[PDB]
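Structure first, commentary second.
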Amino acid sequence: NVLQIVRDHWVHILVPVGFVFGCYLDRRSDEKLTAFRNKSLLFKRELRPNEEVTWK
Amino acid sequence: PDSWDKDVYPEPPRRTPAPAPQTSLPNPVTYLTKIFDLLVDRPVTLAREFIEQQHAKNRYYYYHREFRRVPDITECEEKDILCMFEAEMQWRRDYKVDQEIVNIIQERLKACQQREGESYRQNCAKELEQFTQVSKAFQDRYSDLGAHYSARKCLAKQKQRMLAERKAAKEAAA
Amino acid sequence: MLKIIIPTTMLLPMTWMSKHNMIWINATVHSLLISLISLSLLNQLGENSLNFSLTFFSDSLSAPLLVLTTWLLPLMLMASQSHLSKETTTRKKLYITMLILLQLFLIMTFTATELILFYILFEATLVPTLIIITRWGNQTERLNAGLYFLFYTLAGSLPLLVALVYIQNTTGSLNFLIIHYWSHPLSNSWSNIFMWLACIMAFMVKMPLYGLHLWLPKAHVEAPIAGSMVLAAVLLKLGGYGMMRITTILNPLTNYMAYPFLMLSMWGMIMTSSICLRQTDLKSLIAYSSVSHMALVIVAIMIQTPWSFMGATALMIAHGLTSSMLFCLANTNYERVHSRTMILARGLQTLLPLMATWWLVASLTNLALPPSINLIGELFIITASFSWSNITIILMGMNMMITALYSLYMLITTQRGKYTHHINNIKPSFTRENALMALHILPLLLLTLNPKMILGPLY
Amino acid sequence: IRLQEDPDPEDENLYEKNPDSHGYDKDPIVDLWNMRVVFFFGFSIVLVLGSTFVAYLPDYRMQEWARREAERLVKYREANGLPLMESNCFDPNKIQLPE
Amino acid sequence: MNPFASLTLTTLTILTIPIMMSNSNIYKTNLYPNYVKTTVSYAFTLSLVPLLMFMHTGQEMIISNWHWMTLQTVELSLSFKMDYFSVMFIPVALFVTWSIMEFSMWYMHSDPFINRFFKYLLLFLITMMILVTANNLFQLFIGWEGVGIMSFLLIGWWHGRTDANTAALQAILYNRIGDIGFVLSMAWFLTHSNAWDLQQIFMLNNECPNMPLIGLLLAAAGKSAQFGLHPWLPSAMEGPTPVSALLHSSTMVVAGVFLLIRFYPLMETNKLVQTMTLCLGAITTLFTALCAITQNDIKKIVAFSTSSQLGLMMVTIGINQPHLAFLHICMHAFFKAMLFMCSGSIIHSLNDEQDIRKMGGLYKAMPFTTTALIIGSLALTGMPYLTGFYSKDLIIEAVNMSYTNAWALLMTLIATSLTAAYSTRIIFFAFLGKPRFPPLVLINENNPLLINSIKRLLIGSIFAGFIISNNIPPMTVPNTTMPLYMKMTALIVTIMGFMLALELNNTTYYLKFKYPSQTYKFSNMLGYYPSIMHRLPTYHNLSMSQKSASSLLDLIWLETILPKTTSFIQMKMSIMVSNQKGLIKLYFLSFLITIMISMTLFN
Ligand SMILES: CCCCCCCCCCCCCCCCCC(=O)OC[C@H](COP(=O)([O-])OCC(O)COP(=O)([O-])OC[C@@H](COC(=O)CCCCCCCCCCCCCCCCC)OC(=O)CCCCCCCCCCCCCCCCC)OC(=O)CCCCCCCCCCCCCCCCC
Ligand SMILES: CCCCCCCC/C=C/CCCCCCCC(=O)OC[C@H](COP(=O)(O)OCCN)OC(=O)CCCCCCC/C=C/CCCCCCCC
C-alpha cells in the first residue's frame with residue numbers, strides 16, 4: 001500500500017536533504033569571512049538607504 | 001553601423017564604380033540579384049521587423065562595470081598580503097585589457113590585408129607599423145614570465161630592463 | 001564545496017539502506033543528480049579562484065576534473081552492475097561504497113586548499129582502489145598488480161610528505177594562495193635539488209613517468225572495469241594537477257632539472273606507442289596509450305608555458321573520457337568471449353554494427369582528429385614544445401604517426417575481417433552498453449563545441 | 001581431485017527469459033525502470049540541461065568587459081596621440097633602482 | 001547584404017543537410033541516394049550563381065561568422081575564404097560529385113549499404129568543401145583530416161577484404177607523414193607570427209623561410225602522393241570504382257596542390273622551396289607515367305595517370321605559376337573523373353573484370369563508353385582545343401620558357417610522351433581487336449543514369465576549358481613570343497609517344513616470344529619501391545617494437561632495475577635476520593658485543 005512505498009522509497013530524500021544541508025553550511029562558512037565586507041579598496045562604497053550589508 | 005566604433009575599427013571610404021555596360025546582352029548577375037532580393041531579402045526584412053518590434057516593447061539595459069584604480073605592487077609593502085592581492089588582481093585585469101588591445105590591432109591588420117587585396121603590401125604599411133609597435137611593447141611587458149606569472153615577476157623583469165637601459169646609457173655617455 | 005561533498009556522504013547510507021534490487025537504480029540516479037549539481041562549478045572568474053572557505057577552493061583547473069569525476073561515477077555504476085550480477089547484496093553494497101568513497105576522496109583532493117590536506121586525500125585514494133583491484137579482479141595477477149601499484153605510489157609519495165612538512169617549517173604555511181603570493185626563487189643547491197626531486201618524483205610516479213610505469217599495465221589490465229575506468233580517467237590526473245600546483249615554488253630550478261624528465265617523456269612516448277603497435281592484449285594496448293598521452297602531458301607541464309598548461313588540461317580531460325570509453329568497449333568484448341586476447345574475436349562489425357560505430361568514434365577520438373579536444377590539447381602542447389625547441393616537432397610527429405597506426409590497428413583487428421567461426425555466443429549489444437557508450441562520447445563532442453571550459457586558468 | 005569444488009557455472013543469458021531485455025536487471029520491471037531512469041536523468045537532464053546551462057553561463061571571465069575596456073583605451077590613446085600599448089607596466093618614478 | 005556570402009554559405013549548409021536526415025525513414029528507404037544526388041545538383045546550381053558574381057566584377061570575400069576561442073592574443077574563429085580559388089573549385093567539384101553519385105546509383109545497385117555509401121560520399125564532399133573554403137590553418141587542418149578519414153573509410157568499404165584494410169591503413173600512414181609536415185607548419189606560423197589566418201600570415205611573412213615552406217611542401221607531397229609518399233594512391237583502388245573516381249583522382253588528391261596554391265605569396269618569396277617543389281613534381285610525374293605504361297589493371301593505369309598529372313601540377317607550382325596549377329586542377333578533375341567512370345562501366349559490364357588482357361572488342365560492343373573514353377583520352381593528352389589543352393599546353397610552354405631545372409624540364413617532356421603512351425595502351429588493349437572475355441556476353445550500357453552522368457562529364461571534357469579560360473581574368477603574363485619548335489613541343493612529344501606506343505603494342509600480334517627485360521621488370525613492379533619500402537622499414541619497426549621496447553626494456557630491464565632488485569635485497573635481508581636457531585648463548589654473546597661497542601665507540 002502507501003505505507004510500503006514510503007517504507008521503501010524513503011531513501012530518495014537523503015541526497016536532496018544533504019544538498020540542502022550543504023548549502024546551509026556553505027552559507028554558515030561564508031558568514032564567518034565577513035571581516036573585509038565593503039572594506040576592499042576596489043569595491044568600497046556607501047550603503048544604500050535600505051540595506052545593512054553589501055553581501056551575505 | 002552604430003553597433004561598433006568607427007574610430008576603433010576604421011574603414012576606408014568605399015568607392016564602387018558605376019555600371020558601364022557595352023553589350024545588349026542581359027546581365028544574369030543582375031537578374032539573379034533581383035530574384036534574391038524579391039525572394040529572400042524581403043522575407044528576412046519583414047521577419048526582422050517583427051522581431052525588433054517585439055524587442056522594442058520590452059526594452060531593458062545592461063551596464064559596463066567600472067573598476068577604480070588601486071595601489072600596485074610597487075607601492076605594496078613586503079609580504080603585505082592584502083595589498084599584494086589587490087595589486088595582483090589589478091595587474092591581471094590590465095593584462096587582459098592589453099591582450100584585447102593587441103587583438104583589436106591584429107583584427108585591423110587582417111581586415112586591411114583582405115580589403116586591399118592585390119595591393120596589400122603597400123596600402124597596409126600603416127597597419128603593419130602599428131602592429132609592430134604594439135606587439136613590441138606587449139612582448140617587452142609580458143614576454144617570458146612563465147606559467148606562474150605574477151605582478152612581482154613582471155616588476156622584477158621591468159627592473160632588470162631599467163637596469164640594462166641605465167647601464168647602456170652610462171656606457172654611451174662614458 | 002559542501003553542497004557537493006555532503007550528497008556523497010549521503011549516497012553512502014542511501015546505498016546501505018536501499019532494497020536489494022534498487023541499489024543500482026538509486027545510486028545511478030543520485031550520482032547523475034550530483035554530477036548535474038557539480039556542473040555549476042564551471043562558472044569561474046578570470047582574475048582568481050573560487051574561495052568558498054578556509055579549507056576548500058575551486059579553480060579553472062579543478063572544476064573540469066571535479067565535473068569529470070562526478071560524471072564518471074554513474075558510468076562505473078553501470079559497468080559494475082553489468083559484471084556483478086551474481087554477487088551478494090552485501091558485497092554489491094560494499095563495491096558501491098568503495099566507489100562512493102573514492103569519488104568523495106577525489107572531490108576533496110581536487111578542492112583541497114592546503115598541500116598537506118591534498119597529500120592526505122590523494123594518498124587516501126589508494127585504499128579504495130587497492131581494495132577494488134585485489135578483491136574484485138578476475139585473475140590471479142590482481143594481487144601482484146595491487147602490490148606494484150601501492151608500493152610505486154607510496155615510495156614516490158613519502159619523500160613528498162617529508163618535503164611538505166619541511167616547507168611548512170621553513171615558510172610558515174602550506175596554503176596554496178600564501179605559497180603562490182609569498183613564493184621566492186629556488187637557488188641552485190643540492191638541498192633545493194633534492195626538494196624539487198621529492199615533489200616532482202612523487203607526482204611523476206603518479207603520472208606515470210616512463211621508466212616508472214609498469215604498475216600501470218599491471219593494475220589497469222587486472223582491475224575490474226570500474227577500477228580500470230577510474231584509474232585511467234581521474235587517478236592519472238592527480239599527478240598532473242599536483243605538478244601544475246607545486247611548480248609555483250620550484251622556480252627557477254625547473255629550467256635545469258626538467259631535462260631528464262623531458263627526455264624520458266618524449267622517448268618513452270615514442271617507445272610506448274611502439275609497444276602499443278605489438279600488443280596481444282587489448283587492455284594492455286589501452287593502458288600503454290594512456291602512458292603515452294600522460295607522457296605528452298608531462299612534457300607540457302615541464303616546459304611550463306601558458307600555452308602548454310592549457311594543452312595539458314585539455315588533453316587530460318580528453319584522455320580521461322576516451323580511455324574510459326575504450327576500457328568499456330574492451331570490457332563488453334571480454335564479457336562476450338571471456339578472454340582479453342585481441343585476435344580471438346573478429347568480424348565484430350558484421351556481428352555487432354552499432355558497437356563497431358562506437359569503436360570507430362572512440363578510435364577517432366583516441367588519435368588527434370580535429371576539432372576534438374584531444375587534438376586541441378595535443379596541438380597546444382606541440383606548439384609550446386616547438387617554441388621550446390625545434391626537434392620536439394620531429395618527436396611529436398613520430399608519436400602522432402604511431403598513435404594513428406596503433407589505433408587503426410586495434411580497430412581493424414577487433415572489428416574488420418571475418419568473424420571467428422566457433423564463437424557463437426555473441427548476443428546483440430545491450431541497451432545498457434549502448435547507453436554507456438553514448439554517455440561516454442556525447443560530452444566529448446559537446447566539449448569540442450565549447451572548448452574554453454577545459455583550457456584551465458591560463459586561458 | 002584435490003578439493004570438493006563446484007563446477008564452473010554456465011554463462012547466463014538475459015535474453016533467454018526476457019527477449020526485450022535492456023541488460024540492467026534480471027527482473028523485467030526493475031530492468032525497464034532502470035533503463036528509464038538512466039536514459040531520462042542522464043540524457044535529458046544532465047546532457048540537455050547542463051549543456052544549455054554551460055552555454056548560457058554568465059560572462060564571469062570578463063572577456064567582453066576586457067574587449068570594451070580595450071576599445072575605450074585604444075580610442076582614447078589614438079585620439080590623443082599616445083602609444084596604444086604603454087612601454088612599462090609600472091611607474092619608473094615609483095620604482096627605486098639601487099645605486 | 002550582398003548575396004555572395006549568403007549563397008556560398010547556403011551551398012555549404014545544404015550540402016550538410018542530408019546528413020541530418022540520416023536518422024530518418026528516408027534513410028531507411030531506397031530513395032536516399034536519389035535524395036542526396038538531387039541535393040548535390042541543387043547545391044551545384046546555387047554555387048554557380050556566385051561564380052557568375054565573381055566572373056563579372058571579381059568579387060572576393062572572407063566570412064568570419066562564428067568566434068571559437070581566444071588563446072590570449074590569438075583568436076580562432078570559424079572563417080571562410082570565398083575567393084577565386086574557392087568560387088571556381090566549388091562548382092566543378094559539385095558537378096563532378098553529382099555525376100559520380102548518379103554513376104554510383106547505377107553502379108552500386110546491388111550493395112546492401114548503398115545508403116551508407118552515399119552518406120559517406122556526401123561526408124567526403126562536405127569535408128573537401130571545408131578544406132577548400134577554410135580561411136585559417138586550424139579549419140584547413142579540420143578539412144585535411146576529414147578527407148583523410150573519409151578516404152580511409154571508403155577504401156576499406158569491403159571490411160572482409162584484407163587487401164582493402166591494408167590499403168586504407170597505408171593511405172592513413174602516408175597522410176600522417178604529410179600531417180607531420182602540416183603540424184610543423186602550423187606550429188612555426190603560430191610561434192613566429194601570432195596567427196593561424198592567411199591575412200596575418202601574408203602580412204607578417206614578407207620573406208617566408210625554409211622551415212614553414214618545407215613543412216607545407218611535405219604536407220602537400222603526403223596528401224598528393226608525390227615521390228617517396230606516392231604508393232598509397234595506386235593502392236587506394238581497393239575501394240569501389242565511384243570512390244576512386246570521385247575522391248582520390250578528381251577532388252581529394254589535389255588537396256596538396258591546393259595547399260601549396262593557397263600559400264603562393266610565400267612560395268614566391270622563397271626560391272629553394274620552389275626548386276624542391278619543381279624537382280619533386282618532375283620525378284613524380286616521370287616515375288608514375290613510366291610505371292603506368294606497363295600496368296595490366298585499368299584502375300591502376302588511371303591511378304598512375306592521376307599521380308603523373310599531380311606531379312605536373314607540382315611542376316607548375318615550382319616554376320611560380322600558381323594559377324595554371326588551379327586551371328589544370330579543374331580540367332583534370334573533369335576528364336579524369338569521366339575516364340574513371342568509363343573504366344568502371346567497362347568493369348561492371350564484364351562481370352567485375354579489371355584486366356585489359358581479358359577486355360577487347362568493346363569499341364563496337366560498347367559504343368557510348370568507347371566514344372567517351374576516346375574523348376577523355378584526347379583531352380588528357382592535350383588535343384589542340386579540348387579541355388586539357390587550355391591547361392597542359394600553357395603549363396608546357398611555361399616550363400620550356402622559364403629559368404628552370406634542365407633535368408626537371410626533360411623529365412616533364414618525357415612524362416608527357418609517356419602519358420600519350422599509356423593512353424594508347426588503355427585504348428588499344430581495352431577497345432580494339434577481338435574479344436578476350438568469357439563467352440557469356442552480359443554487356444549492357446543502356447542505363448540512363450550511367451549514360452547521363454557520362455554525358456554531363458563529357459560536355460565538360462570538350463567545352464569547359466574554353467569557357468573557363470575565356471571567363472577568368474588575366475592573372476599571369478602570357479608567353480606570346482617563342483620559337484615555333486618550342487611552341488609545338490607538347491604536340492610533337494605527344495605524337496611521338498602515340499606512335500611509339502602504337503608500334504610497340506602492334507608488335508604483340510607477332511608469333512614471337514621473348515623473356516622480359518630488366519627495364520620492363522623495373523617499370524611493371526613499380527620500381528620495386530613498394531616491395532622494399534613496405535617490407536624492410538615495417539619489419540624493422542615492428543621487430544624493435546617487441547624485441548627492444550616491449551620485451552628487453554619494459555618486461556626485462558625496467559623490471560630488473562627498480563622493483564625486482566629491491567625485492568630480492570629485502571628478501572635476502574629478511575632471511576638473514578630471521579634465520580636464527582633461537583639460542584640464548586648466541587644472542588647473549590651478541591648482547592655482550594653490543595654492550596662493549598656502545599661503551600667504547602659511543603661518547
Ligand atoms: C638508372 C637509370 C635511370 C634512368 C632515369 C631516366 C629514365 C628515362 C625513361 C625514358 C622512357 C623510357 C621508355 C621505355 C621504358 C619501358 C619499356 C617497357 O617496358 O615497355 C613495355 C610496354 C609494353 O608492355 P607489355 O604490353 O607488357 O609488353 C611487354 C614487352 O613487350 C616485353 O618486352 P621487353 O621487356 O623487351 O620490352 C622492354 C624493351 C622494349 O621497349 C622499348 O624498346 C621501348 C622504347 C621506347 C622508345 C625509346 C627510343 C626513343 C627515340 C626517340 C627519338 C626522337 C627524339 C626526339 C627528337 C626528334 C628529332 C631529332 O625496352 C628495352 O629493352 C629498353 C627500352 C629503353 C629503356 C630506357 C631506360 C634505360 C635504363 C637503363 C639502361 C638499361 C639498358 C638495358 C635494358 C635492361 C637489360 C636488358 O611498352 C609500352 O607500353 C610502350 C612504352 C612507351 C613507348 C613510347 C615512349 C616515349 C617516351 C620515351 C622516348 C623519348 C621521346 C621524346 C621525349 C621528349 C624529348 C625532349
Ligand atoms: C617522420 C617520421 C616517419 C618517417 C618514416 C618512418 C617509417 C616507419 C614505417 C612505419 C612502420 C610500420 C608499422 C606498421 C605499419 C602497418 C603494418 C604494415 O606493415 O603495412 C604494410 C602495408 C602493406 O603493404 P602492400 O604494398 O600494400 O602489400 C600488400 C600485399 N597484400 O604497406 C605499408 O603501408 C607500409 C608503408 C610504410 C612506408 C615506410 C617508408 C615511407 C617513406 C618515408 C621516406 C620518404 C619521405 C618522403 C619525402 C618527401 C619530400 C618532401
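Quick note on naming: the chains in the C-alpha cells go A, B, ... in the order shown, residues restart at 1 in each chain, and ligands are numbered from 1 in order of appearance.
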
For chain A, which residues have at least one atom within 9 Å of chain C, if we go by only C-alpha atoms? Write them as a compact mmCIF listing (two decimals) with N, CA and C atoms, in the first residue's frame, please.
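Output contents, as saved in selection13.txt:
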```txt
# COMPACT_ATOMS: atom_id res chain seq x y z
N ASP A 8 9.84 1.90 1.46
CA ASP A 8 10.90 1.55 0.52
C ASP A 8 11.56 2.76 -0.13
N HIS A 9 10.79 3.80 -0.46
CA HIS A 9 11.30 4.95 -1.20
C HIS A 9 11.65 6.13 -0.30
N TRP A 10 11.91 5.88 0.99
CA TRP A 10 12.30 6.97 1.87
C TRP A 10 13.77 7.34 1.74
N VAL A 11 14.57 6.51 1.06
CA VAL A 11 15.99 6.83 0.88
C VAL A 11 16.23 7.84 -0.23
N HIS A 12 15.20 8.18 -1.00
CA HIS A 12 15.35 9.12 -2.10
C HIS A 12 15.41 10.57 -1.65
N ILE A 13 15.23 10.85 -0.36
CA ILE A 13 15.37 12.20 0.16
C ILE A 13 16.73 12.45 0.79
N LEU A 14 17.54 11.41 0.98
CA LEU A 14 18.82 11.58 1.68
C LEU A 14 19.75 12.51 0.92
N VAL A 15 19.96 12.25 -0.37
CA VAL A 15 20.82 13.12 -1.17
C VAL A 15 20.26 14.53 -1.30
N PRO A 16 18.96 14.74 -1.58
CA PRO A 16 18.45 16.12 -1.60
C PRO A 16 18.61 16.86 -0.28
N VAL A 17 18.33 16.22 0.86
CA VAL A 17 18.49 16.92 2.13
C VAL A 17 19.96 17.14 2.43
N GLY A 18 20.84 16.25 1.95
CA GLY A 18 22.26 16.50 2.07
C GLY A 18 22.70 17.71 1.27
N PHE A 19 22.14 17.88 0.07
CA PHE A 19 22.43 19.07 -0.72
C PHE A 19 21.94 20.33 -0.02
N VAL A 20 20.74 20.28 0.56
CA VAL A 20 20.21 21.43 1.28
C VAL A 20 21.10 21.77 2.48
N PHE A 21 21.50 20.74 3.24
CA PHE A 21 22.36 20.96 4.39
C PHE A 21 23.73 21.48 3.97
N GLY A 22 24.23 21.02 2.83
CA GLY A 22 25.49 21.53 2.32
C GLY A 22 25.41 23.00 1.94
N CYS A 23 24.31 23.40 1.30
CA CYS A 23 24.11 24.82 1.00
C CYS A 23 24.04 25.64 2.28
N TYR A 24 23.32 25.13 3.29
CA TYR A 24 23.23 25.84 4.56
C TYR A 24 24.60 25.99 5.21
N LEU A 25 25.40 24.93 5.21
CA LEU A 25 26.73 25.01 5.81
C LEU A 25 27.66 25.90 5.00
N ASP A 26 27.47 25.96 3.68
CA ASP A 26 28.23 26.91 2.87
C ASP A 26 27.90 28.34 3.26
N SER A 29 29.64 29.00 6.56
CA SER A 29 31.06 29.25 6.38
C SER A 29 31.32 30.63 5.79
N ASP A 30 30.48 31.05 4.84
CA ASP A 30 30.65 32.36 4.23
C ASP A 30 30.43 33.48 5.24
N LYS A 32 31.24 33.67 8.22
CA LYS A 32 32.37 33.84 9.12
C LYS A 32 33.55 34.56 8.48
N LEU A 33 33.47 34.86 7.18
CA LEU A 33 34.55 35.51 6.45
C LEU A 33 34.16 36.92 6.02
```

Based on DSSP run over this structure's backbone, return all residues of chain D in helix (DSSP H, G or I), as a ChimeraX atom specification.
/D:14-17,28-55,63-79

At a cut-off of 12 Å, using only C-alpha atoms, what residues contact range 127-131 of chain B? Leave out same-chain residues fewer than 5 positions from it and give the result as a PyMOL selection string.
(chain B and resi 9-10+101-113+116+120-122+136-139) or (chain D and resi 74+78+83-85) or (chain E and resi 193-194+199-206)

Residues within 10 Å of range 263-265 of chain E, only C-alpha atoms, excluding chain neighbours under 3 positions, as an MDAnalysis selection string
chainID E and resid 198 201:202 205:208 213 216 258:260 268:270 317 320:323

Would you save the residues of that selection, restricted to C-alpha atoms, as an mmCIF file, in the first residue's frame?
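The resulting file, selection-v5.cif, is shown below:
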```
data_model
loop_
_atom_site.group_PDB
_atom_site.id
_atom_site.type_symbol
_atom_site.label_atom_id
_atom_site.label_comp_id
_atom_site.auth_asym_id
_atom_site.auth_seq_id
_atom_site.Cartn_x
_atom_site.Cartn_y
_atom_site.Cartn_z
ATOM 1 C CA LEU E 198 46.041 33.733 -44.105
ATOM 2 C CA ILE E 201 50.375 35.208 -42.227
ATOM 3 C CA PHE E 202 50.698 37.016 -45.568
ATOM 4 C CA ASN E 205 55.762 36.886 -43.779
ATOM 5 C CA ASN E 206 57.297 39.221 -46.341
ATOM 6 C CA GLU E 207 60.156 36.712 -46.847
ATOM 7 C CA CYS E 208 58.846 33.326 -45.741
ATOM 8 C CA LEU E 213 57.626 26.335 -46.502
ATOM 9 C CA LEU E 216 53.910 22.923 -46.286
ATOM 10 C CA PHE E 258 45.664 23.340 -53.425
ATOM 11 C CA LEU E 259 47.523 23.757 -50.123
ATOM 12 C CA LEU E 260 50.631 24.899 -51.992
ATOM 13 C CA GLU E 268 57.040 33.355 -54.491
ATOM 14 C CA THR E 269 59.129 34.834 -51.681
ATOM 15 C CA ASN E 270 61.151 31.611 -51.484
ATOM 16 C CA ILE E 317 53.808 25.370 -58.868
ATOM 17 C CA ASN E 320 55.946 30.116 -59.954
ATOM 18 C CA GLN E 321 52.709 29.565 -61.892
ATOM 19 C CA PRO E 322 50.124 29.005 -59.135
ATOM 20 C CA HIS E 323 47.047 29.847 -61.225
#
```

Test item: residues lying within 6 Å of ligand 2 with only C-alpha atoms and all ligand atoms, as a VMD selection string
(chain C and resid 398) or (chain E and resid 163 166 to 167 170 177 217 to 218 228 to 229 530 533 to 534 537 to 538 541 to 542)

Export N, CA, C and O atoms of the chosen residues as an mmCIF file, in the first residue's frame?
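Saved result, part.cif, follows:
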```cif
data_model
loop_
_atom_site.group_PDB
_atom_site.id
_atom_site.type_symbol
_atom_site.label_atom_id
_atom_site.label_comp_id
_atom_site.auth_asym_id
_atom_site.auth_seq_id
_atom_site.Cartn_x
_atom_site.Cartn_y
_atom_site.Cartn_z
ATOM 1 N N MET C 398 56.495 11.827 -35.059
ATOM 2 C CA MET C 398 56.646 10.378 -34.959
ATOM 3 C C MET C 398 55.578 9.785 -34.049
ATOM 4 O O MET C 398 54.949 8.771 -34.382
ATOM 5 N N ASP E 163 43.152 -7.022 -48.189
ATOM 6 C CA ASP E 163 43.842 -6.072 -49.055
ATOM 7 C C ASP E 163 43.250 -4.675 -48.925
ATOM 8 O O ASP E 163 43.984 -3.679 -48.922
ATOM 9 N N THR E 166 44.507 -3.200 -45.681
ATOM 10 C CA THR E 166 45.902 -2.793 -45.822
ATOM 11 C C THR E 166 46.024 -1.495 -46.606
ATOM 12 O O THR E 166 46.812 -0.616 -46.242
ATOM 13 N N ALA E 167 45.260 -1.361 -47.692
ATOM 14 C CA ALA E 167 45.321 -0.145 -48.497
ATOM 15 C C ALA E 167 44.854 1.067 -47.703
ATOM 16 O O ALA E 167 45.465 2.143 -47.775
ATOM 17 N N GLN E 170 47.527 1.978 -45.200
ATOM 18 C CA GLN E 170 48.681 2.547 -45.892
ATOM 19 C C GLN E 170 48.439 4.003 -46.270
ATOM 20 O O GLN E 170 49.326 4.860 -46.103
ATOM 21 N N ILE E 177 52.336 11.083 -42.298
ATOM 22 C CA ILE E 177 53.615 11.762 -42.527
ATOM 23 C C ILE E 177 53.376 13.172 -43.072
ATOM 24 O O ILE E 177 53.983 14.165 -42.616
ATOM 25 N N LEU E 217 55.405 21.975 -47.972
ATOM 26 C CA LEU E 217 55.740 21.093 -49.085
ATOM 27 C C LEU E 217 55.614 19.626 -48.694
ATOM 28 O O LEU E 217 55.139 18.806 -49.486
ATOM 29 N N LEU E 218 56.049 19.272 -47.483
ATOM 30 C CA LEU E 218 55.933 17.893 -47.022
ATOM 31 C C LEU E 218 54.475 17.482 -46.879
ATOM 32 O O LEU E 218 54.089 16.376 -47.278
ATOM 33 N N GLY E 228 58.148 9.226 -52.937
ATOM 34 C CA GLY E 228 58.505 8.989 -51.554
ATOM 35 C C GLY E 228 57.294 8.626 -50.721
ATOM 36 O O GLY E 228 57.357 7.740 -49.866
ATOM 37 N N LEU E 229 56.179 9.314 -50.971
ATOM 38 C CA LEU E 229 54.908 9.041 -50.311
ATOM 39 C C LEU E 229 53.807 8.736 -51.319
ATOM 40 O O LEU E 229 52.623 8.878 -51.004
ATOM 41 N N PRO E 530 57.416 -0.202 -53.601
ATOM 42 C CA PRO E 530 56.509 -0.754 -52.582
ATOM 43 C C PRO E 530 57.033 -2.019 -51.929
ATOM 44 O O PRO E 530 56.841 -2.207 -50.725
ATOM 45 N N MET E 533 60.229 -0.843 -49.587
ATOM 46 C CA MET E 533 59.840 0.144 -48.589
ATOM 47 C C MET E 533 58.611 -0.261 -47.789
ATOM 48 O O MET E 533 58.296 0.404 -46.798
ATOM 49 N N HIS E 534 57.912 -1.324 -48.184
ATOM 50 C CA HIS E 534 56.819 -1.859 -47.389
ATOM 51 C C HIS E 534 57.200 -3.130 -46.648
ATOM 52 O O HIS E 534 56.428 -3.584 -45.798
ATOM 53 N N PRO E 537 61.313 -1.356 -43.792
ATOM 54 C CA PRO E 537 61.052 -0.467 -42.646
ATOM 55 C C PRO E 537 59.970 -0.987 -41.724
ATOM 56 O O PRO E 537 60.087 -0.858 -40.499
ATOM 57 N N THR E 538 58.914 -1.578 -42.285
ATOM 58 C CA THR E 538 57.849 -2.130 -41.457
ATOM 59 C C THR E 538 58.366 -3.271 -40.594
ATOM 60 O O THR E 538 58.053 -3.346 -39.400
ATOM 61 N N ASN E 541 60.590 -1.744 -37.763
ATOM 62 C CA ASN E 541 59.817 -1.049 -36.739
ATOM 63 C C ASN E 541 59.035 -2.034 -35.878
ATOM 64 O O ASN E 541 59.022 -1.925 -34.647
ATOM 65 N N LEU E 542 58.384 -3.017 -36.507
ATOM 66 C CA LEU E 542 57.607 -3.982 -35.737
ATOM 67 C C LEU E 542 58.499 -4.907 -34.919
ATOM 68 O O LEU E 542 58.076 -5.397 -33.867
#
```

Kindly provide, as a count of residues only, the residues of chain E having any atom no farther than 10 Å from an atom of chain B, counting only C-alpha atoms.
35

Please write out the residues within 6 Å of ligand 1 as a tab-separated table (two decimals) with N, CA and C atoms, in the first residue's frame, counting only C-alpha atoms and all ligand atoms.
```tsv
chain	number	residue	atom	x	y	z
E	293	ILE	N	52.80	2.93	-67.97
E	293	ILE	CA	52.82	2.46	-69.35
E	293	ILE	C	52.88	0.94	-69.46
E	294	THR	N	52.95	0.24	-68.32
E	294	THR	CA	53.08	-1.22	-68.39
E	294	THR	C	52.19	-1.95	-67.39
E	410	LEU	N	63.32	18.16	-68.87
E	410	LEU	CA	63.42	16.94	-69.67
E	410	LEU	C	62.48	15.86	-69.15
E	413	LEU	N	58.89	16.63	-70.19
E	413	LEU	CA	58.62	16.28	-71.58
E	413	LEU	C	58.47	14.77	-71.75
E	414	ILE	N	59.36	14.00	-71.12
E	414	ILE	CA	59.26	12.54	-71.22
E	414	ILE	C	57.97	12.05	-70.59
E	417	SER	N	55.19	12.47	-73.05
E	417	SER	CA	55.24	11.38	-74.03
E	417	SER	C	54.68	10.09	-73.45
E	418	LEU	N	55.05	9.77	-72.21
E	418	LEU	CA	54.56	8.54	-71.58
E	418	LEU	C	53.07	8.62	-71.26
E	421	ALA	N	51.60	7.55	-74.28
E	421	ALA	CA	51.86	6.12	-74.41
E	421	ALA	C	50.84	5.29	-73.63
E	425	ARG	N	47.92	2.68	-74.69
E	425	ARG	CA	47.86	1.32	-74.15
E	425	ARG	C	46.45	0.97	-73.70
E	493	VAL	N	55.93	15.82	-78.88
E	493	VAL	CA	56.23	14.73	-77.95
E	493	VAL	C	55.00	13.86	-77.73
E	497	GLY	N	55.01	9.88	-78.60
E	497	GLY	CA	54.56	8.85	-77.67
E	497	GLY	C	53.44	8.00	-78.25
E	500	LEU	N	55.13	5.63	-81.00
E	500	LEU	CA	55.99	4.58	-80.46
E	500	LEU	C	55.18	3.55	-79.68
E	501	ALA	N	54.25	4.00	-78.84
E	501	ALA	CA	53.42	3.06	-78.10
E	501	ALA	C	52.54	2.24	-79.03
E	504	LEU	N	54.74	-0.46	-80.59
E	504	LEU	CA	55.09	-1.50	-79.62
E	504	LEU	C	53.90	-2.39	-79.31
E	516	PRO	N	61.09	-11.12	-70.54
E	516	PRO	CA	61.05	-9.67	-70.32
E	516	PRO	C	62.42	-9.10	-69.99
E	517	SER	N	62.53	-7.78	-70.16
E	517	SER	CA	63.76	-7.05	-69.91
E	517	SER	C	63.82	-6.55	-68.47
E	518	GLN	N	65.02	-6.16	-68.05
E	518	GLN	CA	65.18	-5.60	-66.71
E	518	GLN	C	64.44	-4.28	-66.57
E	519	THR	N	64.45	-3.45	-67.62
E	519	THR	CA	63.68	-2.21	-67.60
E	519	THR	C	62.19	-2.50	-67.49
E	520	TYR	N	61.71	-3.51	-68.20
E	520	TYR	CA	60.30	-3.89	-68.09
E	520	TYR	C	59.97	-4.36	-66.68
```

Applying 10 Å and only C-alpha atoms, which residues near range 5-12 of chain D remain after dropping the ones on its own chain fewer than 3 positions away? List them as JSON, numbers by chain.
{"C": [85, 86, 335, 336, 338, 425], "D": [1, 2, 15, 16]}

For chain C, work out the contacting residues on chain D at 9 Å, counting only C-alpha atoms, and write them as an MDAnalysis selection string.
chainID D and resid 13 15 21:27 30 33:35 37:39 41:43 45:47 49:51 53:55 57:63
